């Protein structure tokens, strides 16, 4: 019965599999309405934006998704549900490039309107409903599996340190490939903490912020790539939220860029311009936040806050 924003992830067990049917019907009740909501969003886009071929592509994908979902017969038995799972999987696969297509689509078309507020509002709303969609969908699929410490996509005892480490190794590799080195990362504060949590949003955000911190460190120690300052991560765990402070000595975000870094499409180039604003939208959708503190000339502290599960 664990819930986030007006939407619940179904926590429940049964040896026969009656939990699968109620979950499946929930998705069948929930998904279509929300795709429809996002189709209106496409219909309300400024005409010249909505006309861009890629914007239209994604537009069509969303209609197709609605069509397929509503055409599916109401679920009554395991064999129905099992086959609905096939459709959910197909949809996930089909829609995996959507963020990128949206980025490409809006890149040019966005300058052609005077209303700056509109695209931000559209992306925030589209991308966050989509996260909610992938969460709900991946959860249902995961409910089939019998993995240790997981009720669906909900880890019962998640380790912030362990997940940070997963993404550190990843980001370091990428950085080594581009620069020949990467900063070491140290992790302090509540390194021993374990609690119920959904990893998925951490899996988008963490690598984004790690990417940014590593780039900035390297791009400001171009004379000594072999010796760079560590990035330092602090985990704080309390009864209300989890806070992860990612703090670097990469020179800061310049005063001139400060007001634009949270803008979609804005970048100083790991070069697409979506890391910061997507991450923030995700965090706020989940009831937390993402806040920057620039120390121009020294570095940046990035604060990720996510609410605990009720």
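Positions refer to the first chain, counted from 1.
Counting the unmodelled positions of the deposited sequence between residue 269 and residue 270 gives a long gap of 10 or more residues. Taking the PDB entry as given, 116-124 carries the higher mean Cα B factor of the two stretches 116-124 and 197-205.
The question of which stretch, 143-151 or 233-241, has the higher mean Cα B factor is settled in favour of 143-151. Remark: of 247, 278, 28, 44, 28 shows the highest value [criterion: C-alpha B-factor in the PDB entry].
Among all modelled residues in this chain, the alpha-carbon of residue 308 has a temperature factor (C-alpha) in the middle third. In the deposited entry, the Cα temperature factor of residue 184 places it in the middle third of its chain's modelled residues. The entry lists a Cα temperature factor for residue 74 that places it in the highest third of the chain's modelled residues. Among the modelled residues of the chain, residue 110 sits in the highest third by CA temperature factor in this PDB entry.
When all modelled residues of the chain are sorted by CA temperature factor, residue 53 is found within the middle third.
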